[PDB]
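Let me begin by presenting the structure, written as structure tokens, before commenting on it.
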Amino acid sequence: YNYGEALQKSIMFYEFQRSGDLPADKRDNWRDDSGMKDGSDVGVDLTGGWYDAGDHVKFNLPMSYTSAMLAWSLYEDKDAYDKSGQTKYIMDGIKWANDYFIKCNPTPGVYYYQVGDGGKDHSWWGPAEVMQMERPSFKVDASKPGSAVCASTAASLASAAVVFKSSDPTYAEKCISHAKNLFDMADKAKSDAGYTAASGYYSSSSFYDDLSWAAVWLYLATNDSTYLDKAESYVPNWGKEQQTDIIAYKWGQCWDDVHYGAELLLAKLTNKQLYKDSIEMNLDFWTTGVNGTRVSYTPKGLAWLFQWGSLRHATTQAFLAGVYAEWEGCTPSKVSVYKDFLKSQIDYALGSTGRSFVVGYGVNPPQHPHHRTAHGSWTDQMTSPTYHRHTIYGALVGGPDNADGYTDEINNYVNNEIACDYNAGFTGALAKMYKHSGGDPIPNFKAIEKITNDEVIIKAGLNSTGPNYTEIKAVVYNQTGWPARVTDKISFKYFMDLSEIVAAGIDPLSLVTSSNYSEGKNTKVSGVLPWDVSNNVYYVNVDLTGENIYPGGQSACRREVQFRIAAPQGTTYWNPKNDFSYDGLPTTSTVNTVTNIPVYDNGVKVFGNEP
Ligand SMILES: OC[C@H]1O[C@@H](O[C@H]2[C@H](O)[C@@H](O)[C@H](O[C@H]3[C@H](O)[C@@H](O)[C@H](O)O[C@@H]3CO)O[C@@H]2CO)[C@H](O)[C@@H](O)[C@@H]1O
Ligand SMILES: OC[C@H]1O[C@@H](O[C@H]2[C@H](O)[C@@H](O)[C@H](O)O[C@@H]2CO)[C@H](O)[C@@H](O)[C@@H]1O
Ligand SMILES: [Ca+2]
Ligand SMILES: [Ca+2]
Ligand SMILES: [Mg+2]
Ligand SMILES: [Mg+2]
Ligand SMILES: [Mg+2]
Ligand SMILES: [Mg+2]
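Using this note's numbering, you'd call the opening residue of the sequence shown number 168 and step up by one each time.
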């Protein structure tokens, strides 16, 4: 498999998750500014960071877990990133998350750990750029603690400091300053009691693991052994295997449990047997098995841990196995076992079963990941359109069940959602496979997509008619996607040939235009205006400027306008047949897309034709 391309796309995945004011240097044409008022409720700029999964909540625990894991990869395999030419991209990602965590620590002792409400956010299915719901900010402090999330963020900031120190020593120091404050908060409190806004999504079941993980990274960033001593001091407090006094080993590294990564690092830093034994017990359980126990394996080779995000778990363990196998302290006989495991799990994700589980990569990749912005519905419907308008490159889907079963459907969020933490360890494992087996990334890769549907259209039909008038029912639709956006400067024009009016000795400008119905309070229908009088062409201008038309609902994306143009009552010379906009017009109140009632966006024609 082409591991370099996979690595390249896995890193790119995060760029599509970005919230906030996006860079001018962005390499896609379908994501734009969003969550621009994040933090406005507390008077703090909390814009930026990454949306968690297929949704738009910013959950700092998995977000910081993710950036800490990406930095860990860059720390372990900078040469792989340099050789593949992806170094700039992963560093930009790491900085994107950490710049946001810094904003979340506005003053010593205060940490905002979330922006958005799961309940409200998930109740709407649409693109990030046009979210209309409230996005509350939540914080922890001395009176309401969040040890896991504060320490997880400290680990992200400290690991970022380690990998940025050589090229940007000042940013490294900035990261360390904030990591120290957040760790102090976490260490002083030793409680997750104030971390409640993520209930039902990312509630924490442990924080001593996060304390050790953060302390290890702060040790590597500052070289102050005060932190190494702390890291080791929490070990007795880590969860144990049931009815044993053995450090847990039957799960895997993940957003809720980072003792696996902490013990791996502590083994390399101290060479103490306790840590070596602990990480090898975990890696053994995942490979050969240990003490009669072994993680389940699917018939096709996937180490299967749990129903949700099976690939996320397997590929993360693959990364840890790769890191540990390269360490001189690893039991020699297990080096090959662990490396074989890294390859088998990554290959399963990339295509060993005959298809890829990575969006926009390989053979028969997933087409319907549970992701709002990549899908791009403009009607608040998971079912419409019936295909994803965008390709969210690099995203690793949840994964199959214990029997390799997998259904690529948008509503399957258990096995087909995509998320920050899903790609975290995966990215690191990919860097290792690239280093070993290669595969050239795509040069100058970008995600500038072809526009696949007219972004703003109009449908019309004959509402009412008479010997002296024509009444039109028109509906404008915002189907924007590159990027999805509010269209508050839309207008359209209805063209007529009024030669018969001039011939009747009547002023075309005196005809009466009117509207008996229209959605939108700003809808304005003009009187008859001249367009090309040499050919007796006049028009009615319908301005929708000011209307908050956006691709996020059946009513939200459309504006209906009914308007009539009429010659004097009792007259019979009105002739709609020579009117440009009347040609082909649906003969009734049931509208259809028309191309002769042009739509304009800030005066620029974007749909339809003029006379
Ligand atoms: O031995 C059990 C292990 O449990 C781990 O916690 C897991 C929770 O039990 C599980 O409910 C939760 O599932 C999440 C999933 O992680 C998340 O990514 C997905 O989006 O939603 C699911 C809930 O609907 O996962 C956590 C973490 O794996 C402990 O962390 C671990 O120590 C313990 O051994
Ligand atoms: O929490 C699981 C999953 O929920 C997704 O939102 C669901 C919501 O949970 C359900 O009550 C509603 O009926 O449908 C929506 C859309 O499927 C959410 O999109 C995922 O991010 C989340 O993992
Ligand atoms: Ca934890
Ligand atoms: Ca006419
Ligand atoms: Mg900008
Ligand atoms: Mg979820
Ligand atoms: Mg399909
Ligand atoms: Mg004519």
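Every residue, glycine too, gets a C-beta built ideally from N, C-alpha and C.
- Look at residue 243 here: in three-state DSSP terms it is helix.
- Using a Cβ-Cβ distance cut-off of 8 Å, the segment 325-337 and the segment 290-301 are not in contact, since fewer than three pairs of beta carbons, one from each stretch, lie closer than that value.
- In the structure shown, residue 460 adopts extended strand secondary structure according to DSSP, grouped into three states.
- Near ligand 3, meaning a Cβ closer than 7 Å to any of its heavy atoms, lie the following residues in chain order: 315, 371, 372, 373, 374, 376, 377, 423, 424 and 425.
- Annotated as proximal: residue 379 and residue 429, with beta-carbon spacing under 7 Å.
- Each of 772, 305 and 509 was checked against the Cα of residue 209, and the nearest Cα belongs to 305.
- Within the same chain, 635 and 673 come within 8 Å of residue 735 by CB-CB distance, once the 5 residues on both sides are set aside.
- Counting other Cβ atoms within 10 Å of its Cβ, residue 329 reaches 16 or more and is therefore classed as buried.
- The residues 637, 638, 639, 640, 752, 753, 754, 755 and 756, in chain order, have a CB closer than 8 Å to that of residue 629 in the same chain once the five nearest residues on each side in sequence are set aside.
- Counting along the chain, the unbroken alpha helix (DSSP H) around residue 397 starts and ends at 392-400.
- Judged by the Cβ position, residue 674 fails to qualify as a neighbour of ligand 4 at the 6 Å threshold, every heavy atom of the ligand being at least this far.
- Apart from sequence neighbours up to five positions away, the residues of its chain that approach residue 595 with a beta-carbon distance below 6 Å are 240 and 486, ordered along the chain.
- In chain order, the residues positioned with their C-beta nearer than 6 Å to some heavy atom of ligand 8 are 664, 702 and 745.
- Listed as beta-bridge partners of residue 194 by DSSP are no residues whatsoever.
- For residue 697, the secondary structure class from DSSP, reduced to helix, strand or coil, is strand.
- Between residue 188 and residue 222, the alpha-carbon positions lie close to 18 Å from each other.
- With 16 or more other Cβ atoms from the protein chains shown falling within 10 Å of its own Cβ, residue 664 counts as buried.
- Inclusion of residue 774 and residue 706 in the CB contact set at 7 Å is not warranted, their separation being larger than that value.
- Not one heavy atom of ligand 5 falls within 6 Å of the beta-carbon of residue 412.
- In the structure shown, residue 643 falls within a strand segment according to DSSP collapsed to helix, strand and coil.
- The shortest CA-to-CA distance from residue 434 to any of 419, 413, 407 and 490 is the one to 490.
- Close to ligand 2, as judged by a C-beta nearer than 5 Å to any of its heavy atoms, are the residues 220, 221, 222, 289 and 580, in chain order.
- Counting only the Cα atoms, residue 763 lies some 54 Å from residue 482.
- Between the alpha carbons of residue 488 and residue 473 lies a gap of roughly 19 Å.
- Applying a distance threshold of 6 Å between residue Cβ atoms and the heavy atoms of ligand 7 selects 534 and 535, given in chain order.
- In this structure, the C-beta of residue 635 stays at least 6 Å away from each heavy atom of ligand 4.
- For the options 204, 173, 193 and 308, the alpha carbon positioned closest to that of residue 614 is the one of 193.
- Counting C-beta pairs closer than 8 Å gives three or more between the segment 454-471 and the segment 505-521, which meets the contact rule.
- Restricting attention to beta strand (DSSP E) runs no shorter than 3 residues, the segment 516-586 encloses none.
- Here the segment 340-347 does not lie against the segment 366-379, with fewer than 3 beta-carbon pairs under 8 Å apart.
- A distance criterion of 6 Å places the beta-carbon of residue 476 in contact range of ligand 1, judged by its closest non-hydrogen atom.
- Between residue 666 and residue 703, the C-beta spacing is below 7 Å.
- Look at residue 636 here: in three-state DSSP terms it is strand.
- In chain order, 220, 221, 537 and 565 place their CB closer than 6 Å to the CB of residue 584, counting only its own chain and leaving out the 5 sequence neighbours on each side.
- Annotation for residue 331: the continuous alpha helix (DSSP H) segment containing it runs 314-331.
- In the three-state reduction of the DSSP assignment, residue 213 falls in the coil class, being assigned neither a helical nor a strand state.
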